[PDB]
Every structure is written in structure tokens, then in C-alpha cells.
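# Structural features, examined
For reference, the chains in residue letters:
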Amino acid sequence: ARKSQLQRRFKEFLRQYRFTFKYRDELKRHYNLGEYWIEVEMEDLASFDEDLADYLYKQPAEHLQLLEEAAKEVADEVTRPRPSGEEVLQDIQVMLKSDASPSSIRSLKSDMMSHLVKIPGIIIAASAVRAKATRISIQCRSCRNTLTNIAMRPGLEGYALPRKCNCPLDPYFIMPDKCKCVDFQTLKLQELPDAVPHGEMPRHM
Amino acid sequence: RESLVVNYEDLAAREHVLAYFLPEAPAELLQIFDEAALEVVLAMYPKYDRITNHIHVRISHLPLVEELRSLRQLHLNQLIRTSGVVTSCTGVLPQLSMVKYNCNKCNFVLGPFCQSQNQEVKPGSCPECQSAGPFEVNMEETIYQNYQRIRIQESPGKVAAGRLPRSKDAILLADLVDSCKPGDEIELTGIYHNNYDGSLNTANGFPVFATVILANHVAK
Amino acid sequence: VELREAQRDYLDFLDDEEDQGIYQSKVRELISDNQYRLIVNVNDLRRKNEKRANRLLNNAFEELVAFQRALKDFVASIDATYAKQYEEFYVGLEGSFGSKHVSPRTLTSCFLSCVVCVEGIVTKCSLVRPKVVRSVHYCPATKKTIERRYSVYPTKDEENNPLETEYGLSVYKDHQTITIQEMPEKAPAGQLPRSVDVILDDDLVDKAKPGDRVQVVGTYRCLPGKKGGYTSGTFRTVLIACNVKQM
Ligand SMILES: [Zn+2]
Ligand SMILES: [Zn+2]
């Protein structure tokens, strides 16, 4: 309920921030060129409305989804006369940027759980890019019934298939030809040599 | 801060019964002392309910106890004082506390469960839907604690000729984390513990228990 | 309706003898040479039908199945005698794909269910293995024969009589797996290489060897998570080749 109002506030912020419409034109250009991603500076959000900026610092998971939905709606409203064939409205990724000073990696403790953090470091390993599903469909063994458009959570979180069929127990299987996938990668970060304490081993993330 | 230091000598001088019961019943008496200290501090200052909800009580001095070699069956579930040298450190790790679970069928958030260090938390069932299936941890509302593990070896200077130094494991929690560098000489007061799941060798071999020390004070 | 229209368009594509076409002579040569694979230039199809080419590139499996059905019908119409030997024919692709010409380093999930062309070097190869298509079983107790098709291995009769397998009457097809690595001459200096896995079947099994530079055109697909109550949400991607070329 109130989350819809917050999404509307984000929509108004995106459509109204400026004496030229920075985010509006940036989103239009990115959508036209085919780059479905934007970068948002949180100082601009704080200037427009401090409430949402403060909210983003404590509960990023939900407010990020709300902001993504608002950005998608803004992009849809900006690009009304889209060319024929391109009827499908594609999702948009939102990135964050700020000028705040970073914090040392050694300061990570329990109190920083589920919060937004900024950390400097050096990369030492990068795994290959792989595919992760976002929407999946399943089919039953006996009656061949189908459940479609199951939403998957972001991050390193799995999914549990249902055990009851609305037939033997656990009859569901995943169909590979009807899924949407995105790219993901894993990296290794090491503490900066200039900040490691003397006579102590570095730490990783 | 979140810790308080209490001297055993003064406690023995004032109230003998608490000092007498202290070595043979550390956990419950420490819990009672923590509750009393929290009550007194909250009486002194009321704002701390917003800052810190708990306070730890730590014993500073003790009658010096035998070295790592003499730790045996007589010291089970008692309070001991040892001196040694740090050889390894596992860093800072997050451990669960007052865990809240999210149901899989419905969206009910289960009540907090105390995270004991002996066994893993096993929630019974969801009160509303009465289901007993798998559950997931509510990361947004769960409380977390600091955890660290250290390996301690006897000082080479005090080791008698013809025998090798012996080592033991210790666990630090909350404010004790990151208080010892590797290769440093420390003194600990701790609890000699066995009552944790997986301590008994059962798959094969003799019925041998593994001992782990839970420390609550560090002296450089 | 869509599949039938695609099949009709594919059938119309091949009948070019009265339009200076060459594909009829190609099919005649294939029949003469006892081959069951045809190579069709993507550029010519795009020139003749851009919508069909776009649909095939953006959707491979259904369009390829329709094209194989059309080729089966065409070969039947030419000489149904030859079509009896083989159950189905296979399609090869050639030409300039443009944006879909993708190196192993630049492969992404955006090319899922599409037709891609890659150029690389072979580093790993596997032994040739047979794969079952049909199975025939006989019961000495009752003198009865049963047939099974694959796309569970029976062992006993209805009255628990033992069953004996007829290996000769069964049908097997070749299968092999190879690995393609990005050429070091093009990879950025100081960075680890990236590799792709390719599956070869039927007559393409013995056309590649390790340490050789090849170009492979094929479809890009994911592998579903294997059986389990919990899934990690990550699928492995494996290329299914339709044409391999020695550059
Ligand atoms: Zn079913
Ligand atoms: Zn429930």
C-alpha cells in the first residue's frame, strides 16, 4: 500500500529532477541506444527529498526494487512512440553512486549486517560469467500441469519446488526452454596493502 | 562500551558465597551478574535501552591455575585460568542470535529463538498454518554477534626439556574479538567445556570427547 | 498455425529450379553421395525472406524442426525410396550473421535460444560413444517381441518371464563432446582464457581434433537443474553444434 506511494514518489523524483531534465533525458537516451541501465547519484535524491535518501541507507533491498519499478514506468512513459516490433518493455538496472568517504574493510562487524556499505580494496580473482534464472516454469510428471512465471529472488538464494500438486509427491520438474536468464559473476577482494596493520595478515571478501 | 570488569578478590572479601559458587557454576552466575549489572546501569542511566540492551561481566583476577598440561577430568565445567601464546586467528565472523524465521507457504514471521552454542536452532512449526516444512532466516530482522576462534600454545621458555608444547582452542565473543595478535603472549580466564554437539567421537574409534575452552577475559 | 506457416515458407524456399536455383542440384548431389545433411547460406535466405531469417535467428529449435520437416517432405517428394533409410535429416548453416558472430569471451545470456557462430581452438575431446534411439526385446518363454522408443530399461515380461536383448535390431547414434578455447592471438594480454563446451552428433563427431582452429555454428541453450527438492537457480550452458568448419 504505502510502498506504492513510495514508488510514486520515486517516479515523481525521476520525472521532475532538473535547468535541464538530467535523469529524464539520460533514461531516454539509454533506452534508445539499447543500454538498459542508469546511474543515480544519491546527493541528487537527498536534494530532491531527504526522506527516501535516508530510507535507502537502511533498507536497500525493498527500496531498490521500488526504484527499479519507478524507473521502468518512467522509461515507458517517456518512450511512447516506440518503433514497431519493440512493444515489449524491458527491465532496467539501477546503480548507486555517492561522494561519501569509504570505510575500512576491518570495520565490518555484526552491526553492519543488511546495511549499505562502501569499501576500498584490490581484486585478485574473477570467476567466469555465468547465467542465473529470474523467471522459471515447472511441469508435473503425471497430469502435465504447468506453473508459469515464478519469480526468483536476487542474490545467492535458491528456490524450493512445491511438493503438493493441485499424483505422486514431488512430481514437479523444471523446463529449461521457458526461462529467462541474466549474467552474474563472482569476485575476490583483498585488503589494500597501504592500510593493512603492521605485522598482521590481510583479510579478504 | 558494553563490558564491565569485576575483581574476584573484592567479591570474595565482600560476599564469600558468590566467590565460592563462582568456579563450580560459571554460566548461571555470570548470567545473574549480567542481569544485576544491567539493572544497576539502567537505574543510573535510562537512555541505554536505546544504545545497548545488554552488559557483560568479566572477572579480572583469579588464583593462578595450573598450565595447559594439567587440564584433565577434574576441571570439567569449571572456571580455569591459563597462560599461553597465540598461534592462529580466524578473524571476525557473524553468528545468529534471536533468530526470526520466514515461513515458506505463508508469510508469517516466527518468534525469536535463543541461539544456544551447544545445538543448532530447530523451530517446531508455524503457529498459523501448522506446517512443519523448511524455513529460511529473516536476514533483515535477525540479530548477530561477533565470533572468533584462537589456538593457544604453551610458552617455549617454560616447556621442560624432553617434552613438546601442547595446544588448545578458545572462543571469543562480542567485545573480546580482535583483542589478540598472532604470536603474542596472553592470559585467559575461561570455562572448560564439553557439552556441545559433535564433541563425542562416534563414527569410529574410542569414545573420546573433545574439549573446548570458552574464555571471558584477556590479559596481555 | 505459426508452425504450419513456417513449414510452408520453408517448402516454398527450396523450390527454386524455375528461378535459377541451385539447391535442387545440391539435393541431387546429396542423394548421389549418400549424404543426409544440407548446408544453406543464411545470406540467401535473408535476401529471399528476411522475416523467416529473423525468426530462425531469434528462435532456433522450433524453426529448425520445421525446416527439417520441410527437408524431409522435399526429399520424400524427390525420391521417397531414399528417405526410408533415415528417420530425419539435419540442417547446416553458413553465411554472415553479423551481430551474432560471437567469440567465447563475449558469449552472454542474451544469445539464449539463438543461432550463434564462434571461432576458436580445440583443447579437449572425448571418446566417441553410442546413444540408444530404439530398443528391441524378445521373450524366449512366450516367443514375443516388444519395441521401445527413446527421446527405464525393461527387463521382465508381464508374467515375470526373462527378456533377452537384441543388440543388432537396436538403433544407436554417435555422440562426442569437445571444448573450444579463445585463440591466444586475440585474447587480451595477462588475462585468463574462457572456454565453451560443444556437443557433436551423427556425422560431425570425427571432424575435430585437439590443437586445431575451427569455426562452429550452433544453437545456444541451458541445461535444466537436475532432480532435487531445492535448486540453486544457476544453469549450465552448452552449445549444440550444427556445422563445423576447418578454417
Ligand atoms: Zn500433477
Ligand atoms: Zn506458516
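Residues numbered from 1 in each chain as written, not as in the entry; some residues may be left out. Chains lettered and ligands numbered in written order. Part of a larger assembly, values for the part shown. Heavy atoms only, no water.

- Method-wise, the PDB entry is recorded as coming from cryo-EM, at a reported resolution of 3.2 Å.

### Here's the deal with the coordination of the zinc ion (ligand 2)
Residues and elements named next belong to chain B.
- Ligation of the zinc ion (ligand 2) by protein atoms is provided by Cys103 (SG), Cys106 (SG), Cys126 (SG) and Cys129 (SG), these donors lying 2.3 Å from the ion.
- The site at the zinc ion (ligand 2) holds 4 donor atoms, and with the angles between them running 99 to 123°, its shape is tetrahedral.
- In primary-sequence terms, the residues that donate to the zinc ion (ligand 2) follow C-x2-C-x19-C-x2-C. Of this pair, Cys103 sits in the loop between β5 (101–102) and β6 (136–137) while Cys126 sits in the loop between β5 and β6, placing them 23 residues apart in sequence.
- Residue classification places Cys126 among the buried residues on the basis of a relative accessible area of 0%. (Donors = N, O, S within 2.8 Å, 3.2 Å for Na, K, Ca; no water. Tetrahedral: all angles 85-135°; square planar, octahedral: opposite > 155°, others 65-115°. Helix = DSSP H or I, 4+ residues; strand = E, 2+ residues; numbered from the N terminus. Buried < 20%, exposed > 50% of the residue type's maximum accessible area, 1.4 Å probe, protein only.)

### Concerning the interface of chain A and chain C
- Each side of the interface is counted separately: chain A has 19 residues, and chain C has 18 residues.
- Summed over both sides, the interface between chain A and chain C buries roughly 1600 Å², with carbon and sulfur atoms accounting for 60% of that surface.
- Considering only the side of chain A, the residues that lose the most area to chain C are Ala131, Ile174 and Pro176 of chain A, jointly responsible for 26% of the buried surface there.
- At the surface where chain A touches chain C, the tally comes to 1 salt bridge.
- Put simply, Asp177 of chain A and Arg221 of chain C hold a salt bridge, and the shortest N to O gap is 3.3 Å.
- In this structure, the connection of chain A to chain C is made through 6 residue pairs in polar contact.
- Mapped onto the side of chain A that touches chain C, the elements with two or more residues apiece are β4 (130–140), β6 (159–160), β7 (172–174) and β8 (180–184) of chain A.
- Examining the composition of the side of chain A that touches chain C, we find that 4 residues originate from one element, β8 of chain A, more than from any other.
- Residues that form the side of chain A that touches chain C fall into these classes: 13 nonpolar, 2 polar and 4 charged.
- Where β4 of chain A meets strand β11 (residues 234–246) of chain C, 2 bridges bridge the pair, whose relative direction is antiparallel. Bridge pairing links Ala131 of chain A to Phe235 of chain C in β11 of chain C. (Contact = heavy atoms within 4.5 Å. Buried area = accessible area lost by both parts, 1.4 Å probe. Salt bridge = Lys/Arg side-chain N within 4 Å of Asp/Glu carboxyl O. Polar contact = N/O pair within 3.5 Å; in protein donor to acceptor, adjacent residues only side chain to side chain. Nonpolar A, V, L, I, M, F, W, Y, C, P; charged D, E, K, R; others polar. Pairing = 2+ DSSP bridges.)

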